[PDB]
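For reference, the structure is listed below as structure tokens.
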Amino acid sequence: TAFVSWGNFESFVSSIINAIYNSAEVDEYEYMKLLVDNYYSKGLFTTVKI
Amino acid sequence: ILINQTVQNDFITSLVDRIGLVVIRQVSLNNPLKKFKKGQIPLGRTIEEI
Amino acid sequence: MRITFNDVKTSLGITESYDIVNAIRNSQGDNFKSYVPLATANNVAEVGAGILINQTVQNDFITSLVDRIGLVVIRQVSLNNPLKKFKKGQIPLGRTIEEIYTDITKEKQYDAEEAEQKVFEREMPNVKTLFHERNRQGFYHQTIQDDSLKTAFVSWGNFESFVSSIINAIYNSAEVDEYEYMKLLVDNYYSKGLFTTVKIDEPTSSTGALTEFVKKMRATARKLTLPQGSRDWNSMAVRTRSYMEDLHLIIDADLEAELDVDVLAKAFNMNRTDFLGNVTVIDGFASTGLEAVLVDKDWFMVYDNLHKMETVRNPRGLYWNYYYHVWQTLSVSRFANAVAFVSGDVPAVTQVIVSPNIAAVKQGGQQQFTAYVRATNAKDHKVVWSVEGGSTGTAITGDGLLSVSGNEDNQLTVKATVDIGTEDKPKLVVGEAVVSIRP
């Protein structure tokens, strides 16, 4: 009921799957950053004072 | 409905609902007394009856 | 009839600082000593600035003969508008434009035992919309009295050139107005507090302040284009990214000159200091604090609906009337990145954005709202949540979770408030969302 053209309907439909993949990529980046933060939190880095 | 207002679809509240059909009503009127009419007078103004 | 003028002086509308003739005459070793040997100094001085109204001058040898006009020059001018590359196509029919964006979702943990009873569980995607419409309708009117214009010219070339210049003036005026409208778009967007404000010290106070401006510009430009995206540079607070080839920075001429003379003429390897995005120089902004604006190409939503020109003739007055009608839509998109570099005293918090701005919930329903605070400093501010439905049993928690009363039917407004003022005079910044109720 929100569309009057099948092209717009399908174009809007595909964006949901695209958003799913974007969310997956963002979460992967966040996990990779959390690895470094956790390593520092456990005190296993070599700390140089600046 | 007199004077419509914007309506959002139930699945997604951001999208708005469109219109899918417009119809133009057409009527024709006639007068029933046209059978009592006489011809035309191209030139002149007055009719004399004797 | 015969329109004539009498006893008009050559000093029409002139306020002179000093009399140059008197300065030359009363010169004793002054800087005007070089003009003493000149013979026709007074004659040159009284006419050199130009004459506004001329009169008949008789020939100096034969009094009866009258001096004639030797040369006639007609000046032509063409004006354009720099911001024409940002215009979109045409809209023949309809009025409104709808823009739709969809955002990312969340993650859930794997649970085989829990999956037994939740196979058909559903959760809706996050999408939001923006709307634009036509808002400019204008016309330009010009009259031409060609038959009565013939006595002022002696050559058909001059007559045609004058008529063509009259015609071209309309297009020049249209171009000027279009430029002004598209500058007003940016001024209005800033005035409504929708830009992301970057607080600089001053572009003219000191070289340190100017190089700090350069550093902040480069940092913001880099931050705009990260591949993973961000939701800190747009008014709709959606996760989006930009591209360096699409970023446009608009500045003014005094800032450009300050750049060139201060941090480029003394900088070895100047490529480490110059501007990053595509640079456009305008004649400044009306707003007090604005100096530079960095936007995305898709920021502008300028379309045109009508461009036509129609003429009419007066058979009794013997003249033509030309009307040039222009209709346009002038709007901007809140889904694009838009940063404004502002120097001066700006508030700590510029705006608060509630991510679901339109919602619809059931009577026994719940809804989660998220508030984004656009702060110009590094201090973190806390929000307070409220609901103005008016009925008992409807309440919002301190984390933005709203629960609706089981028996009510009223429109609900959710309000997130931040206090940036001091005691006895609070300064509140308010973000609002609208909620509809289903039975």
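Labeling convention for the structure tokens: chains A, B, ... as they appear, residues from 1 per chain, ligands from 1 in order of appearance.
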Residues of chain B within 10 Å of chain C, counting only C-alpha atoms, as a ChimeraX atom specification: /B:8,10-16
May I have the residues of chain A within 8 Å of chain B, counting only C-alpha atoms, written as a ChimeraX atom specification? /A:1-4
Limited to N, CA and C atoms, could you put the picked residues into a file as a compact mmCIF listing (two decimals), in the first residue's frame?
```txt
# COMPACT_ATOMS: atom_id res chain seq x y z
N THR A 1 0.81 -1.21 0.00
CA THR A 1 0.00 0.00 0.00
C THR A 1 0.84 1.27 0.00
N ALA A 2 2.14 1.16 0.24
CA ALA A 2 3.03 2.32 0.26
C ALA A 2 3.73 2.55 -1.07
N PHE A 3 3.45 1.73 -2.09
CA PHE A 3 4.11 1.86 -3.38
C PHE A 3 3.08 1.73 -4.49
N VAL A 4 3.39 2.35 -5.63
CA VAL A 4 2.58 2.24 -6.83
C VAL A 4 3.39 1.73 -8.01
```
With a cut-off of 10 Å, could you pull out the residues of chain A touching chain C and give me the nearest pair of atoms for each, distance in Å to one decimal, using only C-alpha atoms, ordered by chain and ascending number, as a tab-separated table?
```
residue	atom	partner	partner_atom	distance
A:12	CA	C:100	CA	8.6
A:15	CA	C:102	CA	6.9
A:16	CA	C:102	CA	7.1
A:17	CA	C:104	CA	9.8
A:18	CA	C:104	CA	8.8
A:19	CA	C:104	CA	5.0
A:20	CA	C:104	CA	6.3
A:21	CA	C:104	CA	8.4
A:22	CA	C:104	CA	6.5
A:23	CA	C:104	CA	5.0
A:24	CA	C:107	CA	8.2
A:25	CA	C:228	CA	7.8
A:26	CA	C:228	CA	6.3
A:27	CA	C:107	CA	8.1
A:29	CA	C:228	CA	7.7
A:30	CA	C:228	CA	9.8
```
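One finds CA of residue 428 in chain C at 10.5 Å from CA of residue 352 in chain C.
Here CA of residue 137 in chain C is placed at a distance of 25.4 Å from CA of residue 287 in chain C.
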So that I can see what lies close to residue 300 in chain C, please list as a ChimeraX atom specification the residues with an atom at most 7 Å from it, counting only C-alpha atoms and leaving out residues fewer than 5 positions away in the same chain. /C:86,331-333
Considering only alpha helix (DSSP H) as DSSP defines it on the backbone, what residues of chain A qualify? List them as a ChimeraX atom specification. /A:6-41
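Within 9 Å of residue 255 in chain C there are residues 203, 204, 251, 259, 260, 291 and 292 of chain C, counting only C-alpha atoms and ignoring same-chain residues fewer than 4 positions away.
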Let's have the selection written as a compact mmCIF listing (two decimals), in the first residue's frame, with C-alpha atoms.
```
# COMPACT_ATOMS: atom_id res chain seq x y z
CA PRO C 203 40.32 32.67 11.23
CA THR C 204 41.76 36.20 11.59
CA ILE C 251 34.56 29.43 1.94
CA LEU C 259 45.29 31.00 3.76
CA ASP C 260 47.45 31.95 0.77
CA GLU C 291 33.14 30.95 7.80
CA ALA C 292 33.21 27.57 6.02
```
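What separates CA of residue 342 in chain C from CA of residue 199 in chain C is a distance of 5.2 Å.
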Applying 12 Å and only C-alpha atoms, which residues near residue 184 in chain C remain after dropping the ones on its own chain fewer than 2 positions away? List them as JSON, numbers by chain. {"C": [83, 177, 178, 179, 180, 181, 182, 186, 187, 188, 189, 190, 191, 284, 285, 286, 287, 330, 331, 332]}
Contact residues around range 379-394 of chain C with only C-alpha atoms at 8 Å, ignoring same-chain residues under 3 positions, as a VMD selection string: chain C and resid 371 373 375 397 to 400 402 to 406 408 410 to 419
Would you save the residues from that selection as a compact mmCIF listing (two decimals), in the first residue's frame, using N, CA and C atoms?
```
# COMPACT_ATOMS: atom_id res chain seq x y z
N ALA C 371 18.50 8.95 22.10
CA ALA C 371 18.75 10.38 21.97
C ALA C 371 20.21 10.63 21.64
N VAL C 373 22.92 13.70 21.24
CA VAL C 373 23.13 15.08 21.64
C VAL C 373 24.30 15.64 20.85
N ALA C 375 26.88 18.03 20.73
CA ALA C 375 27.58 18.92 21.64
C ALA C 375 28.84 19.48 20.97
N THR C 397 10.71 5.51 31.21
CA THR C 397 11.78 5.32 32.17
C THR C 397 12.92 6.30 31.89
N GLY C 398 13.96 6.23 32.72
CA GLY C 398 15.12 7.08 32.55
C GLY C 398 16.05 6.69 31.42
N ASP C 399 15.83 5.52 30.82
CA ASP C 399 16.64 5.04 29.71
C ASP C 399 15.92 5.16 28.37
N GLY C 400 14.75 5.78 28.33
CA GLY C 400 14.03 5.98 27.09
C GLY C 400 13.08 4.87 26.70
N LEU C 402 9.36 3.54 26.85
CA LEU C 402 8.02 4.04 27.08
C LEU C 402 7.03 2.88 27.09
N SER C 403 6.21 2.82 28.13
CA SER C 403 5.14 1.84 28.26
C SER C 403 3.81 2.57 28.24
N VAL C 404 2.87 2.06 27.44
CA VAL C 404 1.59 2.73 27.20
C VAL C 404 0.53 2.12 28.10
N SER C 405 -0.36 2.98 28.61
CA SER C 405 -1.46 2.51 29.45
C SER C 405 -2.44 1.67 28.64
N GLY C 406 -2.98 0.64 29.28
CA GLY C 406 -3.84 -0.31 28.59
C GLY C 406 -5.16 0.27 28.12
N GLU C 408 -6.25 3.91 26.92
CA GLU C 408 -6.12 5.32 26.58
C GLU C 408 -6.15 5.46 25.07
N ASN C 410 -4.97 8.80 22.92
CA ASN C 410 -4.52 10.17 22.77
C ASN C 410 -3.16 10.17 22.09
N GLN C 411 -2.87 11.24 21.35
CA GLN C 411 -1.57 11.37 20.73
C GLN C 411 -0.51 11.65 21.78
N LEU C 412 0.62 10.96 21.67
CA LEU C 412 1.69 11.03 22.66
C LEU C 412 2.90 11.74 22.08
N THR C 413 3.50 12.62 22.87
CA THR C 413 4.74 13.29 22.51
C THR C 413 5.81 12.89 23.51
N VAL C 414 6.91 12.34 23.01
CA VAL C 414 8.06 11.94 23.82
C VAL C 414 9.10 13.03 23.73
N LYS C 415 9.61 13.47 24.88
CA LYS C 415 10.48 14.63 24.96
C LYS C 415 11.76 14.26 25.71
N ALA C 416 12.90 14.53 25.08
CA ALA C 416 14.21 14.38 25.71
C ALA C 416 14.81 15.76 25.89
N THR C 417 15.15 16.11 27.13
CA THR C 417 15.57 17.46 27.48
C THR C 417 16.97 17.44 28.07
N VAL C 418 17.79 18.40 27.65
CA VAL C 418 19.14 18.59 28.16
C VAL C 418 19.25 20.01 28.70
N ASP C 419 19.81 20.15 29.90
CA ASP C 419 20.00 21.45 30.52
C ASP C 419 21.46 21.87 30.39
```
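For residue 278 in chain C, the list of residues within 7 Å, based on only C-alpha atoms and with local chain neighbours fewer than 2 positions off taken out, reads residues 247, 248, 249, 276 and 280 of chain C.
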Please produce a file of the residues just selected, as a PDB file, in the first residue's frame, where the atoms kept are C-alpha atoms.
```pdb
ATOM      1  CA  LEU C 247      32.928  16.528  -0.588  1.00  0.00           C
ATOM      2  CA  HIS C 248      32.531  20.250  -1.259  1.00  0.00           C
ATOM      3  CA  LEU C 249      33.872  23.001   0.995  1.00  0.00           C
ATOM      4  CA  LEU C 276      41.080  18.680   0.950  1.00  0.00           C
ATOM      5  CA  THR C 280      34.156  26.936  -3.835  1.00  0.00           C
TER       6      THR C 280
END
```
